[PDB]
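Protein chains in written order, with PDB author numbering: chain B, 245 to 486; chain A, 35 to 727; chain Y, 37 to 161; chain M, 19 to 135.
Each residue gets a CB set at the ideal place from its N, CA and C atoms; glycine is no exception.
Below you'll find the structure, written out as structure tokens, and then a few comments.
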Amino acid sequence: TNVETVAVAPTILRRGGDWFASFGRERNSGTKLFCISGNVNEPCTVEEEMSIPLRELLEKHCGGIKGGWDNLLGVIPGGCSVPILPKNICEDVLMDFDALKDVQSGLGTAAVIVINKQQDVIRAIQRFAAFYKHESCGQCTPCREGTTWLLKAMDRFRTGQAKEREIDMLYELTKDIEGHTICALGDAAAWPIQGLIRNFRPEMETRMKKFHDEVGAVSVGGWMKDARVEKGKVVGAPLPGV
Amino acid sequence: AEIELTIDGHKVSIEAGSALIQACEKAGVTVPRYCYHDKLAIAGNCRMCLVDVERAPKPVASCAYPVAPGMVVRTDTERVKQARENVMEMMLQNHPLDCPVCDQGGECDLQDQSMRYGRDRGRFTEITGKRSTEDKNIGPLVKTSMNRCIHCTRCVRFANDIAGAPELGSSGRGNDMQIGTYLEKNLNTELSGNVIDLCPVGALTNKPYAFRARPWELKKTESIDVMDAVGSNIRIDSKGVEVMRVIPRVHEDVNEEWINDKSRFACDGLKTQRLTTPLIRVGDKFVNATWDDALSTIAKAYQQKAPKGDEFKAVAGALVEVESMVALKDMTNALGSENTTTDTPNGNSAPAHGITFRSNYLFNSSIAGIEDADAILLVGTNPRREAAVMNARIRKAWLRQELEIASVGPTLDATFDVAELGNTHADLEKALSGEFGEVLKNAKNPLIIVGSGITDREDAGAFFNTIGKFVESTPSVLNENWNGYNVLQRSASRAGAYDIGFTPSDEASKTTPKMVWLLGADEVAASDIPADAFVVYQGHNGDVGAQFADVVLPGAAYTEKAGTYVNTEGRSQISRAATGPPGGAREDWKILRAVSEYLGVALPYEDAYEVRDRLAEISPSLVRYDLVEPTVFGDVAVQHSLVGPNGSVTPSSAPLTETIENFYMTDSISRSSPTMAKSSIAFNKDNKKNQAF
Amino acid sequence: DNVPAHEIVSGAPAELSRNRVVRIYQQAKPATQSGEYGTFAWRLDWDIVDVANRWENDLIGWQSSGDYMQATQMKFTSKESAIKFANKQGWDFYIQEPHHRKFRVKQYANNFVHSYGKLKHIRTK
Amino acid sequence: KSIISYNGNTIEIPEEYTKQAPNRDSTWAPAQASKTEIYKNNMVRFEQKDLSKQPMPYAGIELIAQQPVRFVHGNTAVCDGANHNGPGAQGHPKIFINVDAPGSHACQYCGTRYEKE
Ligand code: SF4
Ligand code: SF4
Ligand code: SF4
Ligand code: FES
Ligand SMILES: [Zn+2]
């Protein structure tokens with residue numbers, strides 16, 4: 245069992261179950277810790293009723309997004325394992341399990357991370373993929389061989405060194421992992437990338453145009469016209485994540 | 035009890051608690067897999083065996099999902115197929131493009147199941163390329179190409195659980211997880227050769243066989259191993275005139291699906307140091323000679339020496355077949371001799387356990403009897419060396435149920451906890467009158483294991499007497515449903531020899547032979563041969579016995595003839611000839627028949643069917659193959675043979691010693707093998723590569 | 037029971053039905069692979085002859101043979117059918133009864149059974 | 019030079035034609051029959067024949083042993099033996115070689131040796 249679910253238990257027993265149920269909506273009742281981090285004006289750690297709105301939580305506890313609500317790209321409700329939320333839908337969303345599951349995310353450990361418009365979303369998601377690659381125990385073949393593929397693809401998307409169909413390929417690569425692993429680390433690995441594809445594919449397309457016009461024409465997997473193998477190494481191509 | 039479920043519409047009934055993959059196998063539904071194996075713990079890390087069950091939301095691992103009443107299983111859903119393709123796609127991402135150079139090629143499960151369930155093409159073209167893995171040196175028997183490892187942990191599971199060699203394991207985490215020893219250490223166990231078969235891909239491979247053939251060009255013959263007395267069933271893969279490799283085939287009542295390293299790797303001794311032409315000693319050198327010239331020289335030596343009665347001695351070696359022993363004994367009898375000896379020390383005398391009843395010199399509890407054991411006492415025996423697969427069997431029994439093992443004899447490195455009661459006959463007296471004797475009395479399935487090495491002692495009578503008295507007392511050790519008295523032979527031919535009565539007479543042991551005939555017989559010393567004796571050698575390899583001879587005759591090896599071998603269980607098994615004998619070598623019983631004709635005592639059979647008829651005449655259990663039947667004379671035999679005639683024998687004060695000094699070289703074949711020579715010097719105890727600390 | 041010689045209408049040599057022995061069996065589960073697709077048919081093939089099996093040509097090093105059946109192997113759907121065929125041809129045969137894996141119940145949970153006494157071995161995964 | 023035959027007679031062969039290859043004297047595989055043995059066993063078919071006309075190609079073991087070691091920065095060296103001049107696929111399948119261990123590590127297809135520096 246988690247520590248804070250055990251921690252709340254003595255106070256729950258003393259104060260009674262009904263009092264605890266009074267806070268938060270049905271089936272989502274009580275008060276949770278809400279660590280807040282990222283691009284807010286004052287990062288914080290507070291406890292709050294469940295089913296609070298995002299906007300209110302942010303502006304009341306963390307002095308708001310750095311630059312104001314206009315300057316928000318997205319928010320990750322819960323830790324890195326949960327698909328990222330877009331700006332338009334996160335205005336009205338509720339902090340119970342149910343609403344976040346409805347907008348296709350989850351509370352997780354209520355570790356909200358906010359990213360402003362100055363920051364690059366693809367860099368963040370690539371770093372999460374590197375995290376999951378470093379964190380896989382390597383027992384089951386889907387996770388073990390899939391986290392590294394996801395990292396290798398995310399680096400090329402961060403530089404744009406890819407074709408636009410490789411986005412759909414990457415989506416299917418996530419689906420290769422999702423339901424087939426021994427534990428849910430694989431699910432967690434698959435999810436952030438799917439959120440990224442669902443919400444910020446135009447950003448990936450713009451960065452791929454940046455790679456094509458700016459550097460050169462790219463084939464699938466990052467090969468280029470004069471990309472060859474010479475005396476033990478690949479020469480002629482950037483090779484993202486050397 | 036047995037529960038019921040449906041798999042792909044069918045109706046299959048299976049024992050409760052079994053894994054779903056066992057149910058699928060029973061119901062005729064094929065499920066792909068890699069990490070699952072019938073003899074290993076369940077692992078569930080490959081994720082190839084996924085299936086859909088209506089209760090679960092996501093597909094479930096079939097090797098590790100327990101069956102339940104009324105379960106509905108679909109192995110053919112679109113989701114299942116997509117799952118298999120996804121799993122294969124991920125499996126092949128970092129697999130090296132090594133098929134033209136991988137020894138597994140043509141018999142690789144990754145190939146076959148990628149072809150049957152994977153996609154036609156691949157999607158992984160990454161400019162960063164694939165992962166690579168260091169190669170690891172784990173001894174001269176198992177070559178390693180770890181780029182190909184798919185991390186199924188079969189090798190780890192086997193080395194830990196089955197053979198009790200814990201040096202193998204997985205180090206690191208995630209992508210960099212490597213199977214190995216984490217430092218330079220040999221995979222040191224007599225069962226190591228089996229990880230070659232277990233590894234579904236070419237990561238672990240036979241090293242002496244490397245690159246020499248491909249599976250589609252091998253002729254497969256089912257035959258019988260003769261390196262030890264267990265009688266392992268093997269498949270002999272040969273192309274043309276030479277034998278390529280030996281791999282195990284299942285016989286759940288003998289070796290399960292395993293063979294030891296000698297049986298696997300001593301095949302290379304069959305293509306070197308071979309005997310191909312008759313040889314005749316002239317001065318201090320051998321000279322090649324024709325079959326007629328050889329046999330006439332034997333006849334002339336017989337007429338000149340003029341042996342009367344027991345002056346014609348016959349010695350049988352560890353490797354020979356039953357038909358050859360029968361021929362030799364019949365010819366020797368027709369010469370008026372009873373001096374049909376075995377090759378072991380003290381083999382000039384009859385064995386102390388007697389010959390009258392089979393149960394006196396056999397593994398009376400079947401090899402499968404070890405599965406039921408609750409207590410075992412080992413007398414002067416080290417099964418790890420004498421019978422490796424049976425040692426693995428004892429180990430498995432010990433792991434999965436409670437079981438008490440004690441031993442009397444040299445301190446033995448065991449894969450299971452043993453209690454040492456002492457090295458002496460007095461220690462055996464103390465034990466059988468002590469706490470472990472009490473343990474045996476209380477036990478439900480006890481069995482006493484006597485090594486063949488004790489039979490070779492002069493004081494064998496005292497040991498057999500003590501054991502027989504204890505057995506005749508304790509009903510648990512010997513009742514009508516369980517015979518706990520067991521002799522563990524080490525040579526493949528001892529059981530058959532005793533079965534046909536290849537035992538010297540009392541007056542024969544007194545005589546000094548003028549003519550000696552060695553059939554195999556490579557454990558012979560300078561002392562056991564009189565200087566004036568005329569020695570004939572008949573074998574397949576050049577060893578010390580052939581060095582001692584005056585005439586040498588080439589005979590076929592066990593891979594080159596269809597013979598009968600009787601194992602420790604008393605089970606009679608038939609082999610099949612993979613190839614024909616090299617050169618001018620001949621089938622052994624034909625050799626004996628022809629030489630007997632030159633000796634004027636012509637044997638009454640000149641055809642294989644007549645040979646089997648004579649064998650039926652000698653004993654009816656030689657012609658009943660793959661059959662074990664218990665003795666009705668269990669109680670009579672013990673009294674009449676072990677306690678009866680062994681009263682007078684005086685126990686010595688000499689401690690029991692190890693029966694075989696070197697596990698890897700014990701036969702002519704094994705001493706003719708470069709691989710066994712390399713293995714012996716590589717796997718020596720005083721070598722740090724085989725230590726751990 | 038067995039067709040004698042000289043009323044076989046096949047036209048094969050008499051030696052085939054006189055001094056040759058065939059063997060009938062099922063192929064064993066290969067130890068190298070987990071697949072079992074080859075193990076259900078009943079093969080019939082001929083035991084080798086000593087002098088005529090295979091020798092080495094003294095020119096290009098090839099495998100010469102005088103046994104015309106060394107490569108022949110029939111497939112049958114069932115043991116009784118193979119027996120009937122061999123009998124109808126007059127071939128002496130031997131049946132090698134197959135061996136199968138004895139069933140045992142396997143539980144994944146068994147890897148984590150609590151041990152009340154000293155550990156017999158450290159399972160590792 | 020002088021090989022005694024099974025007859026007990028002498029067979030004379032020039033030294034140059036006892037070498038296994040023009041560039042190598044001895045065999046490079048245990049099963050490989052040496053030139054001396056070839057003549058001893060086939061001398062009937064070599065009579066009145068001109069040995070200087072026989073094929074005698076170069077032993078590739080030494081030729082690959084003369085090629086310098088390629089040093090690579092990382093842990094993995096990639097080799098495919100391609101022909102950068104002509105079109106199509108003319109190399110061998112592309113494999114990756116680990117060089118973390120001490121010393122040179124040979125490509126399994128072409129024999130080119132790599133080393134981590
Ligand atoms: S899914 Fe879980 S068990 Fe499988 S490799 Fe990843 S972390 Fe390990
Ligand atoms: S292990 Fe199998 S798939 Fe891999 S290279 Fe060898 S034959 Fe091919
Ligand atoms: S070496 Fe073979 S058996 Fe061992 S983990 Fe790798 S693939 Fe599995
Ligand atoms: S065989 Fe079941 S998951 Fe590996
Ligand atoms: Zn190469």
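With a cut-off of 8 angstroms on Cβ pairs, the segment 550-560 of chain A is in contact with the segment 367-386 of chain A, counting three or more such pairs.
At least 8 angstroms separates the CB of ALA100 (chain M) from every CB of chain A.
Near ligand 1, meaning a Cβ closer than 6 angstroms to any of its heavy atoms, lie the following residues in chain order: B:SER380, B:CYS381, B:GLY382, B:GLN383, B:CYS384, B:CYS387, B:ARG388, B:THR425, B:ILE426, B:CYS427, B:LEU429 and B:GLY430. At a cut-off of 8 angstroms between beta carbons, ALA119 (chain M) makes no contact with chain B. Scanning the segment 306-391 of chain B for uninterrupted alpha helix (DSSP H) segments of 4 residues or longer gives 341-346 and 365-379, listed from N- to C-terminal end. Bounds of the beta strand (DSSP E) holding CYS288 (chain B) are 288-293. If you check the C-beta of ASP210 (chain A) against ligand 5, you find no heavy atom less than 7 angstroms away. Excluding five sequence positions before and after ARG165 (chain A), the CB atoms of its chain that fall closer than 7 angstroms to its own CB belong to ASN128 and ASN209, given in chain order.
Contact with chain A is absent for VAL459 (chain B), since none of that chain's Cβ atoms lies less than 8 angstroms from the residue's Cβ. Pairing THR593 (chain A) with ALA619 (chain A) gives a Cβ-Cβ distance that is not under 8 angstroms. In this structure, the CA atom of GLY668 (chain A) is about 58 angstroms from the CA atom of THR111 (chain A). Judged by DSSP in its simplified three-state form, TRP516 (chain A) adopts coil rather than helix or strand. Against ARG207 (chain A), the close residues of chain B are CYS381 and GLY382, in the order they occur along the chain (beta-carbon pairs closer than 7 angstroms). Secondary structure at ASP420 (chain B): helix, using DSSP grouped into helix, strand and coil. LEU144 (chain A) and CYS136 (chain A) have their C-alpha atoms some 12 angstroms from each other. Among the residues facing chain M, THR489 (chain A) is not included, as its CB has no counterpart in that chain under 8 angstroms away.
Judged by DSSP in its simplified three-state form, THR108 (chain Y) adopts coil rather than helix or strand.
No Cβ of chain A is located within less than 8 angstroms of the beta carbon of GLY404 (chain B).
Checking the 7 angstroms criterion, the Cβ of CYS186 (chain A) is within range of a heavy atom belonging to ligand 3.
Judged by DSSP in its simplified three-state form, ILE296 (chain B) adopts coil rather than helix or strand. The three-state secondary structure of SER70 (chain M), taken from DSSP, is helix. For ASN128 (chain A), the C-beta contacts it makes with chain B under 7 angstroms involve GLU389, in order along the chain. Remark: the shortest separation between the CB of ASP231 (chain A) and any heavy atom of ligand 5 does not fall under 7 angstroms.
For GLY466 (chain B), no CB of chain M lies under 8 angstroms from its own CB, so it is not counted at the interface with that chain. Neighbours of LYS92 (chain A) in chain B, taken as residues whose beta carbon is under 7 angstroms from its own, are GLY423 in chain order. Contact of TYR127 (chain M) with chain B is not assigned, every C-beta pair being separated by 8 angstroms or more. Shown here, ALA716 (chain A) sits in a helix according to DSSP, grouped into three states. Listed in chain order, the alpha helix (DSSP H) runs fully inside the segment 309-346 of chain A are 325-339, counting runs of at least 4 residues. Against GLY476 (chain B), the close residues of chain M are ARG88, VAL90, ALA95, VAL96, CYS97 and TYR132, in the order they occur along the chain (beta-carbon pairs closer than 7 angstroms). By DSSP's assignment, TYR132 (chain M) forms a beta bridge with M:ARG88 and M:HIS123. The C-beta distance from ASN272 (chain B) to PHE341 (chain B) rounds to 5 angstroms, short enough to fall under 8 angstroms.
Ranking A:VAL452, A:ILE625, A:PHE536 and A:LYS595 by CA distance to the CA of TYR571 (chain A) puts A:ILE625 first. Interface annotation, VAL473 (chain B): in contact with chain M, CB-CB separation under 8 angstroms. If you check the CB distance, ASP399 (chain B) and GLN370 (chain B) come in under 8 angstroms.
Those residues placing their Cβ nearer than 7 angstroms to any heavy atom of ligand 4 are, following chain order, A:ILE55, A:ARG67, A:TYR68, A:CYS69, A:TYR70, A:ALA77, A:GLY78, A:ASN79, A:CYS80, A:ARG81, A:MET82, A:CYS83, A:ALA95, A:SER96, A:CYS97 and A:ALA98. Only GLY163, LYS164, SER166, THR167 and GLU168 from the segment 157-179 of chain A bring a Cβ to less than 7 angstroms from some Cβ of chain M.
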